[PDB]
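Atom set for the values below is all heavy atoms of this structure, side chains included, hydrogens, waters and symmetry mates excluded. Here, residue 1 is the first one in the sequence, and each next residue gets the next number.
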Amino acid sequence: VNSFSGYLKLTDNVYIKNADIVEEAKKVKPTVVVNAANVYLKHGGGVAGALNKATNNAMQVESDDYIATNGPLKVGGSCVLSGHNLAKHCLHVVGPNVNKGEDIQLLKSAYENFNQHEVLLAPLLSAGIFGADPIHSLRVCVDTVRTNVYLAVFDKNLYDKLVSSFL
Ligand SMILES: O[C@@]1(CNc2ncnc3[nH]ccc23)CCCSC1
Ligand SMILES: [Cl-]
């Protein structure tokens with residue numbers, strides 16, 4: 001039993017809710033919140049921009065030190081950093097950005113990072129400003145993640161379509 005509330009159950013381990021991931025994380029304080037990161041951990045917009053703003057830019061400061069030490073992530077890769085005031089940990093995961101021409105096949109590799117964590121609060125990878133089809137992202141999530149994932153979908157209209165079209 002966990003403290004996630006109000007989700008629809010899609011499978012044994014995948015759940016979904018119309019919610020602002022920032023407001024969700026502040027309420028639940030999950031062990032792991034997933035950020036929709038880029039390889040430079042530059043959290044300018046989208047989910048990343050919103051999560052960073054909620055940390056008062058502390059996420060960005062920590063991320064800049066991480067990059068200065070380690071260099072960029074790989075597309076499909078991840079790193080674990082602090083969750084600041086939102087969660088214990090933030091798993092920064094880089095899905096392919098279609099608007100940069102990145103290979104959508106890497107979306108499965110991106111979701112594989114979730115399997116290293118027993119429970120996660122997460123957005124749909126490569127959705128929104130990363131330009132992939134969110135129905136596809138949900139399919140890849142369900143077919144790749146085996147740990148317990150609670151998906152927050154900000155847009156109510158998109159949330160309704162994801163449920164009604166789910167196979
Ligand atoms: O959910 C999205 C990604 N974007 C966000 N998700 C959750 N919380 C958020 N807060 C700010 C942005 C944001 C992908 C599925 C279709 S709708 C957009
Ligand atoms: Cl977005």
Side-chain angles (χ1 to χ4, degrees), residues 4 14-17 19-134 136-141 144-155 158:
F4 289 103
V14 180
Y15 292 80
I16 192 166
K17 181 183 183 179
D20 182 341
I21 192 170
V22 170
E23 291 309 320
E24 271 294 277
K26 285 193 288 187
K27 180 71 173 186
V28 174
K29 311 226 199 305
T31 302
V32 179
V33 66
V34 174
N35 182 31
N38 59 51
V39 298
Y40 308 109
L41 304 177
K42 291 305 189 191
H43 309 302
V47 168
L51 291 172
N52 177 56
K53 178 178 177 183
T55 76
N56 183 43
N57 211 51
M59 177 180 286
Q60 190 64 68
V61 171
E62 177 194 32
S63 293
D64 288 351
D65 171 84
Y66 173 92
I67 296 286
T69 297
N70 301 108
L73 295 180
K74 298 168 180 178
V75 179
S78 70
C79 66
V80 179
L81 291 173
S82 178
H84 300 276
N85 52 317
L86 303 178
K88 186 169 196 285
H89 305 284
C90 179
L91 181 70
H92 295 272
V93 180
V94 183
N97 190 324
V98 178
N99 304 315
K100 298 179 177 176
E102 292 169 349
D103 182 12
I104 194 59
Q105 309 303 311
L106 290 166
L107 185 54
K108 189 173 184 74
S109 303
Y111 274 118
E112 287 170 343
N113 295 287
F114 289 24
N115 290 322
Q116 301 293 317
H117 303 276
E118 289 195 335
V119 184
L120 313 88
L121 171 62
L124 282 172
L125 296 180
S126 300
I129 68 178
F130 283 62
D133 178 358
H136 177 65
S137 184
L138 177 57
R139 189 74 258 162
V140 178
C141 181
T144 304
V145 181
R146 299 177 299 283
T147 55
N148 292 326
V149 57
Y150 288 84
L151 293 168
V153 175
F154 178 60
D155 194 87
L158 175 60

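Here the CG atom belonging to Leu124 is positioned 5.0 Å from the CG atom belonging to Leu151, to the nearest 0.5 angstrom. Atom CD1 of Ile104 and atom NE2 of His136 lie 5.0 Å apart (nearest 0.5 Å). To the nearest 0.5 Å, atoms CE (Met59) and CG (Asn57) are separated by 10.0 Å. Taking NE2 of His92 as the start and OG of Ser78 as the end, the distance is 10.0 Å to the nearest 0.5 Å. Taking CG from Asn97 and CG from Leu125, the interatomic distance works out to 12.0 Å, rounded to the nearest 0.5 Å. The CG atom of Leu91 lies 12.5 Å from the OG1 atom of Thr31; values are rounded to the nearest 0.5 Å.
Side chain of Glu62 to main chain of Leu81: no donor-acceptor pair is present (N/O by atom type, distance under 3.5 Å, no hydrogens or angles). The closest donor-acceptor contact from the side chain of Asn38 to the backbone of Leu41 lies under 3.5 Å. Counting only distance, with no hydrogens or angles, the side chain of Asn52 and the backbone of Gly49 share no donor-acceptor pair below 3.5 Å.
Between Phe114 and the choices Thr144, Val32, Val145, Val119, the side-chain contact (heavy atoms from CB on, under 4.5 Å) rule is met once, by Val145.
Under 3.5 Å, the side chains of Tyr40 and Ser63 contain no donor-acceptor pair of N or O atoms.
Inter-residue side-chain proximity for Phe4 and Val28 is flagged as met; some heavy-atom pair is nearer than 4.5 Å. With contacts defined as side-chain heavy-atom distances shorter than 4.5 Å, the pair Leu73/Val93 does not qualify.
No more than 12 heavy atoms of other residues, nucleotides or ligands lie within 6.0 Å of CD in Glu118, so this atom counts as exposed by the packing criterion.
Between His117 and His89, the distance from one ring center to the other does not fall under 6.0 angstrom.
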Side chain to side chain contact (heavy atoms under 4.5 Å, CB included), that's the test. Do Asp64 and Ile67 meet it? Break it down for me.
CA-CA 5 Å; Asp64 288 351; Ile67 296 286; 5.8 Å; no

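No salt bridge links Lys27 with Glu24; every basic N to acidic carboxylate O contact stays at or beyond 4.0 Å.
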